[PDB]
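Throughout, a chain's letter reflects where its sequence line sits, starting with A, and its residues are numbered from 1.
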Amino acid sequence: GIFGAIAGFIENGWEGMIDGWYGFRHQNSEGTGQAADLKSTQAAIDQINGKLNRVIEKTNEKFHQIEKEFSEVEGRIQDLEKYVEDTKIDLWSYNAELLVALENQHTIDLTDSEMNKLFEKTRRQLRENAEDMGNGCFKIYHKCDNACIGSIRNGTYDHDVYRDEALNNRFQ
Amino acid sequence: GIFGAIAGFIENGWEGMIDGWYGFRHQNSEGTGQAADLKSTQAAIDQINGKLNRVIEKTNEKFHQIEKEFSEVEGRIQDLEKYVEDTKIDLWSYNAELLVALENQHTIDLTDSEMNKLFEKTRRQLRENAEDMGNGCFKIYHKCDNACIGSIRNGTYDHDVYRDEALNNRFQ
Amino acid sequence: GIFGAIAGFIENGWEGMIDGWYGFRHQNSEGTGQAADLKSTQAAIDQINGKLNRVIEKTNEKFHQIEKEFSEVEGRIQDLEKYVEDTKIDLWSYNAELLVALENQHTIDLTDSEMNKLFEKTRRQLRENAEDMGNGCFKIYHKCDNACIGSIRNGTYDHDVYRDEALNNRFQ
Amino acid sequence: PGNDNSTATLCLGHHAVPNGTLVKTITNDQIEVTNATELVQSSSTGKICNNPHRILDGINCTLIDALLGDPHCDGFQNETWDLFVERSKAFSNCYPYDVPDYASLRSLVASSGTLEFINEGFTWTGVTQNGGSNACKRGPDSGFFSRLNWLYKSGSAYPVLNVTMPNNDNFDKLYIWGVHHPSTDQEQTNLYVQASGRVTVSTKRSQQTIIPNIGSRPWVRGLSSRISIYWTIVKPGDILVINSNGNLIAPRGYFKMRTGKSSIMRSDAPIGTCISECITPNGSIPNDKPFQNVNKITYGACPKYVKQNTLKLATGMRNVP
Amino acid sequence: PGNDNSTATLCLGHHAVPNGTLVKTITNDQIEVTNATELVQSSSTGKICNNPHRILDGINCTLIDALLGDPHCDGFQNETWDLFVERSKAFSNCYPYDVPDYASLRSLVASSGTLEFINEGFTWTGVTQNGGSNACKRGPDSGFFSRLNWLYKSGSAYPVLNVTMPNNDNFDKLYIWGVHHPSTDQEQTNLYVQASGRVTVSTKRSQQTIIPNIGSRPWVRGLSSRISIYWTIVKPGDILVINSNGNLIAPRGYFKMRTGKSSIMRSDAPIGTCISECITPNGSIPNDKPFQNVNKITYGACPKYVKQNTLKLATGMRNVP
Amino acid sequence: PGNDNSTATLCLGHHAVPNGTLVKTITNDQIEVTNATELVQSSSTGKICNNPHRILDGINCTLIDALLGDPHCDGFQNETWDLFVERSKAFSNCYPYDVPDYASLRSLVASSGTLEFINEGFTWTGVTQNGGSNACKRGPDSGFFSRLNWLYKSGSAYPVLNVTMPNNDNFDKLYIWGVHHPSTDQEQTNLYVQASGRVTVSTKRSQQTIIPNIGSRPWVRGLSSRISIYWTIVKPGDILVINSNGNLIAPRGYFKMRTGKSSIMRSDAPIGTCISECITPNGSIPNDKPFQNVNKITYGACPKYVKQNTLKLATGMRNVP
Ligand SMILES: *[C@@H]1O[C@H](CO)[C@@H](O[C@@H]2O[C@H](CO)[C@@H](O[C@@H]3O[C@H](CO)[C@@H](O)[C@H](O)[C@@H]3O)[C@H](O)[C@H]2NC(C)=O)[C@H](O)[C@H]1NC(C)=O
Ligand SMILES: *[C@@H]1O[C@H](CO)[C@@H](O[C@@H]2O[C@H](CO)[C@@H](O[C@@H]3O[C@H](CO)[C@@H](O)[C@H](O)[C@@H]3O)[C@H](O)[C@H]2NC(C)=O)[C@H](O)[C@H]1NC(C)=O
Ligand SMILES: *[C@@H]1O[C@H](CO)[C@@H](O[C@@H]2O[C@H](CO)[C@@H](O[C@@H]3O[C@H](CO)[C@@H](O)[C@H](O)[C@@H]3O)[C@H](O)[C@H]2NC(C)=O)[C@H](O)[C@H]1NC(C)=O
Ligand SMILES: *[C@@H]1O[C@H](CO)[C@@H](O[C@@H]2O[C@H](CO)[C@@H](O)[C@H](O)[C@H]2NC(C)=O)[C@H](O)[C@H]1NC(C)=O
Ligand SMILES: *[C@@H]1O[C@H](CO)[C@@H](O[C@@H]2O[C@H](CO)[C@@H](O)[C@H](O)[C@H]2NC(C)=O)[C@H](O)[C@H]1NC(C)=O
Ligand SMILES: *[C@@H]1O[C@H](CO)[C@@H](O[C@@H]2O[C@H](CO)[C@@H](O)[C@H](O)[C@H]2NC(C)=O)[C@H](O)[C@H]1NC(C)=O
Ligand SMILES: *[C@@H]1O[C@H](CO)[C@@H](O)[C@H](O)[C@H]1NC(C)=O
Ligand SMILES: *[C@@H]1O[C@H](CO)[C@@H](O)[C@H](O)[C@H]1NC(C)=O
Ligand SMILES: *[C@@H]1O[C@H](CO)[C@@H](O)[C@H](O)[C@H]1NC(C)=O
Ligand SMILES: *[C@H]1O[C@H](CO)[C@@H](O)[C@H](O)[C@H]1NC(C)=O
Ligand SMILES: *[C@H]1O[C@H](CO)[C@@H](O)[C@H](O)[C@H]1NC(C)=O
Ligand SMILES: *[C@H]1O[C@H](CO)[C@@H](O)[C@H](O)[C@H]1NC(C)=O
């Protein structure tokens with residue numbers, strides 16, 4: 001029973017993030033906080049809406065076709081009509097099964113990817129001022145108040161400003 | 001002809017690992033050693049068994065159908081019966097070809113991924129105590145006996161214990 | 001309007017690279033330069049030629065089939081002939097649509113992957129002598145003339161030679 | 001309490017829900033995602049919406065009885081439809097008949113989409129017209145199919161009938177005609193004099209020729225006799241010839257043929273005052289989903305029939321506690 | 001010797017085998033993996049396993065000869081089957097016959113799955129029953145199809161035959177009957193008096209009516225004459241009427257119809273004492289694989305036919321030396 | 001100017017073009033790539049290349065008129081083809097005729113691939129041979145279908161015709177024959193004496209038997225009479241028997257049947273002096289692409305027909321400015 005330590009995406013999701021799909025949780029001098037990342041959130045949504053527009057890219061319109069139920073036994077021609085239709089249904093049933101499996105694999109992959117993409121982006125910002133804790137979190141080796149964390153989420157963090165302070169905490 | 005140096009997954013597999021799909025080889029004060037990683041091994045196997053259960057997700061049962069060979073020339077109706085069947089076979093033949101290609105692409109991708117996933121996991125454990133040699137191996141910048149290597153494979157390696165010793169070897 | 005700074009693949013392509021698909025741009029004591037990387041270039045091309053050989057893996061030869069246009073109204077049999085053919089076309093039309101979408105997704109993925117693969121390869125060469133600037137470029141923390149950059153592109157860069165000089169520039 | 005003032009922790013994460021749902025992938029058979037959507041339509045309202053397709057409810061009539069002009073189907077004269085609906089309660093109540101290749105005539109009429117009928121002035125020299133039967137009551141009087149003309153002896157003979165009707169129009173004409181099969185060799189002569197009639201109906205490139213067959217069939221509405229129904233389509237520029245020795249059940253004109261989106265469906269589903277593009281025998285179904293397992297029989301803009309009753313498309317990431 | 005005591009090397013790696021196998025991917029046409037499995041079944045045992053489907057070996061008999069009751073097929077009376085097997089050595093040895101739409105009768109009987117036959121007490125007033133022929137020997141005596149009744153003149157006439165048989169049962173009845181075509185205009189009168197017989201077989205909604213044709217056909221088992229075989233299905237609540245002037249080859253009763261999983265296959269493969277769900281004309285094949293290129297003709301739980309003779313599914317990682 | 005002499009910048013990058021092209025993916029509906037290629041063939045040259053398939057241009061003749069031997073189609077005697085091309089301008093100019101199941105005869109002849117005809121020495125005792133008609137002029141003289149023999153009365157009678165022709169060959173023989181339908185009951189007796197002819201054509205296992213029908217049809221080239229065309233295939237070891245009372249339009253021999261790659265196509269496209277594997281009614285199309293939306297009707301090694309007019313396959317990376 002450990003409350004207090006925050007943790008990242010490595011084998012845990014955040015039930016408490018209801019204003020976005022991806023985001024940051026921080027712990028610093030001023031306490032803790034949380035903020036969604038709209039950009040990666042929107043990127044996942046756009047991709048998923050696209051598949052779901054293409055999958056629903058409008059039905060086929062069919063009118064007069066062939067009969068598919070029969071009140072009389074007839075032999076050869078009816079056999080063929082039933083076989084044609086059974087063949088069509090099995091092939092479409094296969095198409096549907098495969099489509100869903102492929103699309104769901106892809107949905108999972110692209111959502112995982114957005115997550116990792118946001119991690120790497122953050123890591124690139126931090127340069128030598130932080131280390132990967134291994135749990136989806138960075139240890140930032142300098143005083144980083146709410147405004148500081150904000151600059152990271154905002155993409156305006158200047159690593160040079162804190163570099164001396166951080167290198168000193170990391171090593172010597 | 002260089003025997004002595006060990007090497008990692010970067011463009012070489014280990015023919016000598018027969019108790020697992022993925023693993024560690026080490027070289028330290030006590031000599032060399034090798035140990036499979038069951039978890040990533042099991043993860044690849046589970047995924048592959050799943051595809052191979054879904055691909056073999058039981059045959060279609062068909063009974064009375066249409067005739068497909070003919071002893072007499074007949075024209076229009078036979079033409080149609082042959083065309084219906086030729087059409088079905090070509091479509092299923094296509095399905096099979098594509099399925100295998102897609103599934104094999106995926107099998108290769110997920111097995112490569114498990115490999116890289118185990119590398120990154122190890123890298124995260126090591127923090128600042130090791131460097132990526134570029135060949136799938138880490139240079140661990142501190143005395144790491146068999147028990148030490150064991151703690152890495154076991155996931156109980158404490159980077160803090162060795163941090164001072166390693167940072168000193170890496171830099172100053 | 002900033003000319004002078006060079007930049008990497010992070011959200012920008014190089015219109016000025018006409019002798020390869022992937023490559024290096026550098027800036028050093030001797031000025032700037034650019035060189036294609038043939039290996040990753042060839043790897044993308046080979047993969048794309050493969051798909052484009054398999055997609056064009058030769059047409060199906062068909063001869064006598066069924067009639068598909070009719071000058072007279074006939075009812076049941078013609079209905080079936082039209083339905084058989086409409087069914088075939090819709091299924092192949094679906095196959096084609098899906099194939100192209102899947103293949104194009106894959107083409108994009110494998111080309112992105114080659115890019116990132118060349119970045120990581122370079123990063124592994126550089127060890128502790130460089131830092132990721134975040135824009136697809138490395139800051140190399142030592143004097144690296146044209147010959148030096150060449151050794152990096154050539155895969156013969158010895159990180160040890162420059163390590164002391166670089167660690168000193170990076171930190172102390 | 002509180003953490004050191006010298007460092008900070010910044011974690012990256014994704015949302016999760018307490019109510020995840022299981023979907024299928026290539027990798028795994030059951031993986032939990034944050035949200036998903038059904039791709040198989042498996043329910044119907046139970047009603048055939050009468051908008052936007054024109055639905056013609058056959059009620060007590062099959063399309064063929066509406067075509068021939070069975071008296072209780074008189075309300076269908078010259079009717080049109082996108083989809084004709086035949087009900088299981090439908091019944092025939094005219095001269096007992098059969099249609100060799102019933103299904104083809106039903107199909108081609110269904111697809112043509114109209115019973116628009118045009119009277120033509122056939123001259124029938126030497127025979128009596130408008131024969132009626134007690135098995136085809138039209139009020140209290142004996143009667144017959146509205147679109148058919150039961151010809152029989154006049155005075156005491158039945159001259160070889162022999163007439164023509166050119167198609168000088170721009171559309172195909174459909175002619176419905178018949179051959180009468182009396183039950184007794186004594187019924188045959190009594191109506192048509194000759195002991196073995198014939199009906200030859202021809203165009204320039206085609207001909208049908210039918211010989212009647214005397215004999216008793218099962219009693220239907222008082223009768224062991226039958227009529228067999230045939231049809232002939234006459235293209236623009238072509239000519240219809242009708243030659244008969246007897247037993248001819250003559251057409252009174254033609255049905256104008258069309259091409260288009262018209263069809264026919266067997267269903268007992270009530271007609272609904274509502275709007276739906278996709279129609280099944282179960283009733284109309286929505287078409288927002290790409291697939292459906294309601295019925296392989298459909299009409300209009302419909303999801304494709306599949307065997308699965310459910311297919312869940314992930315619309316969110318993997319759900320992880 | 002040995003490495004420094006100040007550092008260590010820890011390498012990550014994956015296994016590899018000396019016997020890799022080539023598979024196909026999207027990326028590459030031939031990539032070596034550590035292991036793979038065949039998805040196309042391309043071999044058969046060469047035997048049709050008689051378990052778990054009931055296999056009925058026709059031996060010298062086609063299903064139609066078993067149906068009609070060709071004497072050497074008498075052992076098939078009232079037989080049932082999941083899969084009837086017709087052999088290339090089969091032969092007919094009764095009255096020479098043809099079946100217009102042979103394939104449909106063969107199909108519907110195959111699918112019904114039984115030759116369960118019920119005798120009905122047809123009364124045939126004024127004619128002689130049980131005619132026999134030297135072309136259909138039944139021992140040393142002339143004989144005929146067991147399920148058919150060759151009617152002919154009695155005294156010196158052949159009165160218009162006219163009988164009925166209602167279906168007061170819950171199942172469909174299949175009636176098999178025939179029309180005799182004599183070879184000479186003198187054979188016709190000698191058997192049936194009338195010079196041009198007719199056979200009309202009818203229910204309430206359907207009728208078939210056949211006129212014989214006198215003339216010589218190729219000599220078969222002594223004969224230039226033929227019988228043509230027809231059928232009629234009578235639904236519950238409906239009635240069969242049979243009217244004939246002559247040349248009628250009468251049914252002796254009906255075959256009880258069923259629906260189910262029964263079929264028919266042409267094969268010369270021996271029947272095997274073994275177990276297999278999937279049957280092909282080559283013999284039974286295993287069904288562990290999703291596909292097969294043994295035969296497009298199959299029965300039971302089978303892999304799907306495809307044109308490829310091999311498809312290798314990777315079941316291991318890329319093999320790298 | 002210039003950068004510090006203490007460091008260097010090394011950037012990794014990929015090319016981009018100023019003229020990117022949009023393709024479709026799973027992820028996005030329109031993504032710009034550096035280059036792509038069309039997979040749907042949507043154009044034709046407009047000409048049917050006469051290489052490498054043997055193209056036989058029917059010109060004024062349908063395959064059936066070439067088969068029967070309509071005089072203006074005499075140039076097609078014994079012709080062969082990979083693909084027979086029927087033109088919309090084709091016309092008949094012989095005795096007015098119909099073919100019940102025209103489409104099947106046209107199909108089986110098309111697929112057989114030859115009109116190779118062998119004369120057989122049919123003996124026709126007691127009748128007159130080689131009847132000719134003004135509706136089938138052969139020069140200035142009345143004439144008839146080359147492959148057919150119009151038989152009629154000799155002296156003053158028409159004896160029951162009755163002949164045989166065994167197949168002692170290794171191939172199937174196709175026999176084309178006919179039945180004449182006179183327009184008047186007085187035309188019938190005048191040609192054939194009997195008042196109701198018959199034609200029975202039989203092998204050991206099959207028979208067709210046709211009764212003519214007297215009556216007027218629409219005037220065609222002077223005539224209200226018709227001939228109806230039938231066929232019979234005789235397998236090796238089997239025997240053809242032809243029995244007729246009158247109205248027989250007799251074959252003069254058989255057409256040798258083959259199996260192979262031959263077919264027939266309706267097209268008005270000019271024949272081209274060029275080379276193409278794939279043929280459509282629009283003309284030949286290249287087959288470098290996997291798909292095509294030119295025509296669902298094709299012959300030879302062709303791309304598969306699809307509904308899309310364009311499908312762009314990326315052949316380069318994402319294009320980024
Ligand atoms: C769980 O996933 C489903 C997947 O579709 C989500 O349902 C969809 O939600 C969107 C947004 O509310 C709906 O789009 C909207 O449709 C209306 C209809 O006109 C339109 O006016 C709006 O502008 C917008 O495009 C969409 O229809 C709806 N789909 C279904 C099948 O209901 C759902 O939002 C997800 N749930 C959560 C909690 O995220
Ligand atoms: C090479 O790949 C094939 C891919 O299937 C592997 O073959 C499979 O091996 C497994 C494990 O031995 C078999 O599963 C077992 O089946 C029995 C049958 O009842 C069951 O009782 C066991 O509990 C287990 O589920 C599987 O049947 C077998 N598949 C085939 C087609 O033979 C094979 O192991 C791989 N080779 C190596 C060296 O890894
Ligand atoms: C844009 O993408 C298309 C995708 O195919 C590229 O077109 C292809 O270019 C290659 C190389 O020039 C062609 O291959 C060659 O074909 C000839 C034909 O015999 C052969 O002799 C050569 O050895 C080589 O294999 C290929 O045919 C051609 N495909 C098409 C459809 O034209 C094109 O190069 C790309 N454009 C750029 C600027 O990269
Ligand atoms: C729609 O109607 C069809 C039949 O018209 C229903 O399918 C039948 O379902 C019952 C009960 O499951 C089965 O006993 C029958 O065998 C089915 N018939 C056929 C032809 O498959 C179907 O269940 C109905 N669906 C809905 C949603 O009403
Ligand atoms: C199973 O039987 C079929 C035929 O019943 C075989 O297919 C034939 O194979 C031969 C030799 O390759 C060809 O000459 C024929 O053209 C094929 N016939 C057809 C209809 O395709 C098949 O090879 C047999 N397979 C096995 C495994 O026994
Ligand atoms: C090839 O020919 C076909 C017809 O033989 C053309 O298809 C027709 O196209 C016209 C104009 O678009 C339509 O009005 C017809 O309805 C189409 N007919 C059919 C049967 O679909 C086709 O456009 C031609 N294509 C080329 C490239 O010449
Ligand atoms: C349909 O027929 C029934 C009798 O079978 C009759 O009672 C009913 O009124 C008829 N419906 C209409 C609309 O005429
Ligand atoms: C099948 O017929 C042959 C003669 O053709 C006969 O010798 C054999 O005994 C028959 N088989 C059976 C089981 O009666
Ligand atoms: C085809 O027929 C027309 C008349 O319809 C004729 O003028 C033309 O010469 C004919 N073509 C050939 C090749 O005989
Ligand atoms: C139906 O339309 C035809 C075509 O004009 C017309 O002649 C006929 O009188 C109409 N009948 C009814 C009942 O409206
Ligand atoms: C076959 O079954 C029927 C139906 O009961 C029975 O009447 C008949 O006698 C049986 N015949 C044989 C040979 O078992
Ligand atoms: C066509 O071939 C047949 C078969 O040998 C031959 O008898 C006939 O004379 C040939 N006819 C022509 C016109 O070449």
Would you say that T21(F) contacts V33(F) through its side chain, given a criterion of any heavy-atom pair below 4.5 Å between the two side chains? yes
Just say parallel, tilted or perpendicular for the rings of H14(E) and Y22(B), cut-offs at 30° and 60°. perpendicular
To the nearest 0.5 Å, atom CD of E114(A) lies from atom CG of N116(A) at 10.0 Å
Under the salt bridge (charged side-chain N to carboxylate O under 4.0 Å, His left out) criterion, do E131(A) and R127(B) qualify, and how do the steps go? CA-CA 7 Å; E131(A) 296 176 12; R127(B) 289 281 283 274; 2.9 Å; yes
Answer whether the closest heavy-atom distance between the side chains of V23(E) and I31(E) falls below 4.5 Å. yes
Rounded to the nearest 0.5 Å, what's the gap from CD1 on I48(B) to CG on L313(E)? Could you check? 9.0 Å
Is there side-chain contact between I140(A) and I149(A), with heavy atoms separated by less than 4.5 Å? yes
Taking the side chain as every heavy atom from C-beta outward, state whether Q308(D) and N293(D) have any pair of such atoms under 4.5 Å apart. no
Side chains of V17(F) and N35(F): closer than 4.5 Å at any heavy-atom pair? no
Classify the ring geometry of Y94(B) against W92(C): parallel below 30°, tilted from 30° to 60°, perpendicular beyond 60°. perpendicular
Less than 4.5 Å apart, side chain to side chain, heavy atoms only: is that true for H106(B) and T27(D)? yes
Would you compute the distance between atom CE of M115(A) and atom CG of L12(D) and round it to the nearest 0.5 angstrom? 6.5 Å
Parallel, tilted or perpendicular, as decided by the 30° and 60° cut-offs, for the rings of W21(C) and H15(F): parallel
Is a side-chain donor or acceptor of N104(B) paired with a backbone partner of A314(E) at a separation under 3.5 angstrom? yes
What is the distance from atom OG of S93(A) to atom CG of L311(D), rounded to the nearest 0.5 Å? 8.5 Å
Would you please test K24(F) and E97(C) for salt bridge (charged side-chain N to carboxylate O under 4.0 Å, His left out) and show each step? CA-CA 9 Å; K24(F) 189 184 173 205; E97(C) 195 70 47; 2.8 Å; yes
Rounded to the nearest 0.5 angstrom, the CD-CG distance for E57(A) and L52(A) is 12.0 Å
With the threshold set at 4.0 Å, does a side-chain nitrogen-carboxylate oxygen contact exist between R123(A) and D132(A)? no
Residue pair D288(D) / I56(A), side-chain heavy-atom distance below 4.5 Å: no
Nearest-0.5 Å distance, CG of residue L126(B) to NZ of residue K121(B): 10.0 Å
